[PDB]
Amino acid sequence: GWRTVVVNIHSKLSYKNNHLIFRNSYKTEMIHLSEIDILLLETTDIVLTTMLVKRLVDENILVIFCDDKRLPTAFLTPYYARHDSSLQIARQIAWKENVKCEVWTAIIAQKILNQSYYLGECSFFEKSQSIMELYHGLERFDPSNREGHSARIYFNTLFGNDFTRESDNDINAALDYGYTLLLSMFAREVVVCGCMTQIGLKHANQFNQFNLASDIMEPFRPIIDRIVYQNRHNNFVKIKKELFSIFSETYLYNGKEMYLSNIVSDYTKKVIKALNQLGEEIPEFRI
Amino acid sequence: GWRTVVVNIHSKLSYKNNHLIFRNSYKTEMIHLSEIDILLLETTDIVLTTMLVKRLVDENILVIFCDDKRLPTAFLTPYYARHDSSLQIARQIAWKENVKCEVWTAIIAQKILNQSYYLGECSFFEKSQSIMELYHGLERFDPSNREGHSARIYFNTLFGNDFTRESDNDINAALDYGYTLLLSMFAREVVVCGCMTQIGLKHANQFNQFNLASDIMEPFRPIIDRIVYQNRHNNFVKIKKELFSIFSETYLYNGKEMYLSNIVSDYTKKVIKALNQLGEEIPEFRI
Amino acid sequence: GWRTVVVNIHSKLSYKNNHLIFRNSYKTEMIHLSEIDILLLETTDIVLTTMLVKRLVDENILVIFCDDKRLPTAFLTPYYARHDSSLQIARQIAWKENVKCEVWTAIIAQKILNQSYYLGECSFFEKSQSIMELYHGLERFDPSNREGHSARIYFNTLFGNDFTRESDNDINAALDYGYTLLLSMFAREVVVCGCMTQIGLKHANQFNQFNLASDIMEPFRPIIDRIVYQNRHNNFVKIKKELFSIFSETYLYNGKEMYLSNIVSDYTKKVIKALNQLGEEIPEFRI
Amino acid sequence: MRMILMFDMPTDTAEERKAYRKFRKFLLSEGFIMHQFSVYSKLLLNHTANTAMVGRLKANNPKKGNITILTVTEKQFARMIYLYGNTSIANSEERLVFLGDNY
């Protein structure tokens, strides 16, 4: 199949006459089985039938289940006629250290460049010029590791010199909230790609289980810090309400203005295909 | 959980107050989740909710989905069972071929020894003496294929010379059924350990998701062969029920008499600990 | 002892019934000797008895005597801490230059790695993982002086390019103060081990009584550099207070979270045992 | 033997106050030190001196006077905590102790 069916709303799923019946309160849609490729369930209110699960076993389509946090929890594993993603994980186990270091360095360069560009949009030329100098000075193996030299100057520029990431405040909790949402989206995209999220791009720290998605979501991180900088005076609840509008807001991809879901999807697909093909092209995202 | 719940009837399943809710037109029954080990759906008319699936993933309960023929179709595999999985992946990638071939050779020796013990309990001196000779002749890399010869002589001696593993008879169907159930439990235990199930300890060329769980489930096959040998005259339904009685029956571990699920869990734990510690102790299971 | 007692006030100290007696005109207080680790006299108006000094030598409590400026002047060094010292002197004379240069090289690697980890948590590029690069470039005999270059780039990156270690500013004064306190504790630990403190593990030409304790105290300097960097704007008195808060604060050893005195004692014990056993294991301390 | 002694008595009348001053001066003359109001202690060499001190204290007790005598070890005496509404440092387990500027 081709189309990837994702259910973000409450609904029921049935199987009739080689036709998947999706029923929601607003309308009912019927989709052919041969057209569907990957099936993902975003929420916990979705209802499905074991008969449709058996038809999906015959159709080989991958079934993805998610929790209330939207982080993917479990996936359907058939005993025979396994999906091609399980065959694609072996290439992720075969990922070379040079390709991982190249993609990681490119990601850090994109994040630092986005931070310096955002500081230029905030009209601080000295801090943005310093972060840009650290961006031009970044090197492989992290014989530089400026992602924090851009971090300390970036947070100190945004929220002031007194603010820091270690302190407990509604700004830091808001940053962890936005990073949790972006980690959920990018983690869902990596789960759609089938690659194991436990294997990270950073070779130093394996502690986090999301390390792959956490490394892929870095270039989009400053977009959260912008809204957190504008709304910093508001309470954490209002900051959550403002951060919840990022899904509805549209952003500019290099090719065309798109939604965040499609942009993260294309970026993740280019990252996985580039890792399996050993660096054909590196997706670049700029604010 | 201590309890294997099998639903062969059409009904709706919900999750309420940490309680599995079985709702049907005739009656409704609530079963606590902490008591439930395995959940088996034997029909395609059962309905379930994604919230109950998420609660089952958090409770680490194996969910099996069968076909209209009642044979198991696909089981749910959680992405992250525990945080130690991401740390265990690096150890699995750091494993050595000597430890894999050594542990796998010892496991095959335990399986052949269990077959010789089964033929000894069946009072066959020549067959158990020959299988014991193949056990004493087992070597690394398996150049003589004494395991496959032990299986061929085992099934050919038990079921007759005209019998074969490639036959479509209900004997081989029940053998593949018990191997699928034990493979599902052992695979769930490997998911609890966190290590990759697709990586086998015997042949690196063979790529299968069930390879490791099969290598761990090799010594327990004769337990299924016994009930299959006793009930071979009975119909496939009664043979399936007797195969379901294995979960209720208890077996004697070297330490004491325990349930099958506890023996599989502790055995898999000692196997993983022995693989990470490079063969400190090899767990041995005897009938 | 667990307790660092600092006396900045004029008073008389006596020893009665295994109890330190603080006698003053305003009040009198008794503190048990077993609870007391370090005794610090910050003023010249304090009076003490030679019997209390003998009881402090038998209790193996470090006694520090400061000047009118409150900077430490001279500390008490016991001749025989334990009977194993006379037996350890022969081993120190029997030490090899390969073990001394190896242990000292590993210690310098731990210090540079702790600087890269400090300014990686303080999050810089050239400073931080340039110092990591100097760490990968460290060699025996130190022909490239990557340790001194790592220190110059460390202080020049932290305090600014115009800053220098030869300046008379209160920053370098607090740095020498913390280095004097940590050098006093490490020197007392070396006195507990019994080996000669004047013999260094790096350069046999340099003759100093604090050389060995400095080589052992090299990895812990960044802990002082952190508080010095945070309190640099505060007055020298408050900076000295924050330096005194290091004894109350706890740090995470590789094994578990322990106090600074226990980490220094166990670290010095593992260093002496590694020197006598010719590099069995090298203790590593990370921030 | 560490002798802890508490002393209370109605102070309202002038004769009662004079008796309180006399008894306090007698306690100071016998070697007792006043830690706080009504709180005193003295170190007795042995049990004989303790008994003689008990008899003397019973003989010198003023009318309406009340004296509580308790026997305590040096380890319990060092563990004595006094809290003035600020508590004694000896009961505290704090690692660093400052006699001086607390900064």
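Coordinate-derived values only; no laboratory data. All Cβ positions, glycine included, derive from the backbone under ideal geometry; neighbour counts span all protein chains shown.
Chain C's nearest residue to the axis relating it to B, judged by Cβ and reported with the distance in whole Å, is C:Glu280, 12.
Over the range A:62-146, the pair-distance histogram of Cα-Cα distances with 5 Å bins from zero comes to 3, 12, 13, 12, 10, 11, 12, 11, 8, 4, 2, 1, 0 percent, rounded to whole numbers.
Remark: label point of C:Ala94 defined 7 Å out from Cα along the Cα-Cβ vector; separations to the same position in other copies 3.5, 5.6 nm, ascending.
Under 5 Å from the amide H of B:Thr49 lie the amide H atoms of B:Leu13, each residue being 5 or more positions distant or on a separate chain, with H modelled from the backbone and absent for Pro and chain starts. For the listed peptides C:154-163, A:2-11, a ranking on the average number of other beta carbons within 10 Å per residue, highest first, reads C:154-163, A:2-11.
Only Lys, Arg, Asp and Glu carry charge here, each on its Cβ (+1 for the first two, -1 for the last two); on that basis the protein assembly as shown has a dipole of about 3040 debye about its Cα centre. Inter-copy label distances at B:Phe236, using a point 7 Å along Cα-to-Cβ, come to 5.9, 9.2 nm with the shortest given first. Rounded to the nearest 5, the antiparallel percentage of DSSP beta bridges internal to the protein assembly as shown is 70%. Across the identical copies, the label point of A:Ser25 (7 Å from Cα in the Cβ direction) is separated from its matches by 2.7, 8.3 nm, in order from shortest. Each Cα pair of the range A:178-233 feeds into the Kirkwood radius, which the Stokes-Einstein equation turns, at 25 °C and 0.890 mPa s, into a diffusion coefficient of 206 µm²/s.
With all pairs of separate Cα atoms included, the range A:144-215 yields a Kirkwood hydrodynamic radius of 13.8 Å.
The distance from the alpha carbon centre of the range A:209-287 to that of the range C:213-287 is 41 Å, rounded to a whole number. Using θ = phi - 60° in the Karplus curve 6.51 cos²θ - 1.76 cosθ + 1.60, the 3J(HN,Hα) couplings for the range D:11-28 round to 9, 4, 6, 5, 4, 5, 5, 4, 5, 5, 5, 5, 5, 5, 4, 5, 5, 5 Hz; x is entered for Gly and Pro. Close amide H pairs (under 5 Å, H built 1.01 Å from N) link A:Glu284 with no residue at least 5 positions away or on another chain. On the basis of the beta-carbon distance and an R0 of 60 Å, B:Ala90 and C:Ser14 show a calculated FRET efficiency of 0.50. Using the Cα coordinates of the protein assembly as shown, the gyration tensor eigenvalues translate into equivalent-ellipsoid semi-axes of 66, 39, 34 Å, sorted from longest to shortest. Just need log10 I(q)/I(0) for chain D at q = 0.13, 0.23, 0.25 Å⁻¹, Debye formula, equal scatterers on the alpha-carbon atoms, no solvent, rounded to two decimals. At q = 0.13, 0.23, 0.25 Å⁻¹ the computed log10 ratios are -0.58, -1.25, -1.39. Taking the Cα atoms of the range B:1-85, the ratio Rg/Rh between the radius of gyration and the Kirkwood radius comes to 0.96.
Our summary of shape: the Cα atoms of the range A:80-208 have principal axis extents of 58, 33, 26 Å, ordered from largest down, in whole angstrom. Converting phi to 3J(HN,Hα) with the Karplus coefficients 6.51, -1.76 and 1.60 and the offset θ = phi - 60°, the range A:202-210 yields 6, 7, 7, 10, 9, 4, 6, 7, 8 Hz in sequence order, with x at every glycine or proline. Applying a DSSP loop filter and a limit of 11 other Cβ atoms within 10 Å to the chymotrypsin sites (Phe, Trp or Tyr not before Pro) in the range C:194-239 leaves C:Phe207. Of the residues A:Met51, A:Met185, A:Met217, which exhibits the maximal mean-square fluctuation in a Gaussian network model of chain A defined by a 10 Å Cα contact cut-off? Residue with maximal mean-square fluctuation among A:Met51, A:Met185, A:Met217: A:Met51.
For the pair the range A:3-41 / the range C:34-99, the C-alpha centres are spaced 79 Å from each other.
For the range A:1-101, the list of GluC sites (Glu not before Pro) that fall in a loop by DSSP and count at most 16 other C-beta atoms within 10 angstrom reads A:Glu35. Here the Kirkwood formula, the inverse mean of 1/r across different C-alpha pairs, assigns chain B a hydrodynamic radius of 20.3 Å. Only the Cβ atoms of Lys and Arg (+1) and of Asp and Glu (-1) were treated as charged; on that basis the dipole of chain C about its Cα centre amounts to roughly 660 debye.
Scanning residues 5 or more positions from C:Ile36 or on other chains, those with amide H under 5 Å from its amide H are C:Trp2, C:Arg3, with H placed 1.01 Å from N in the peptide plane.
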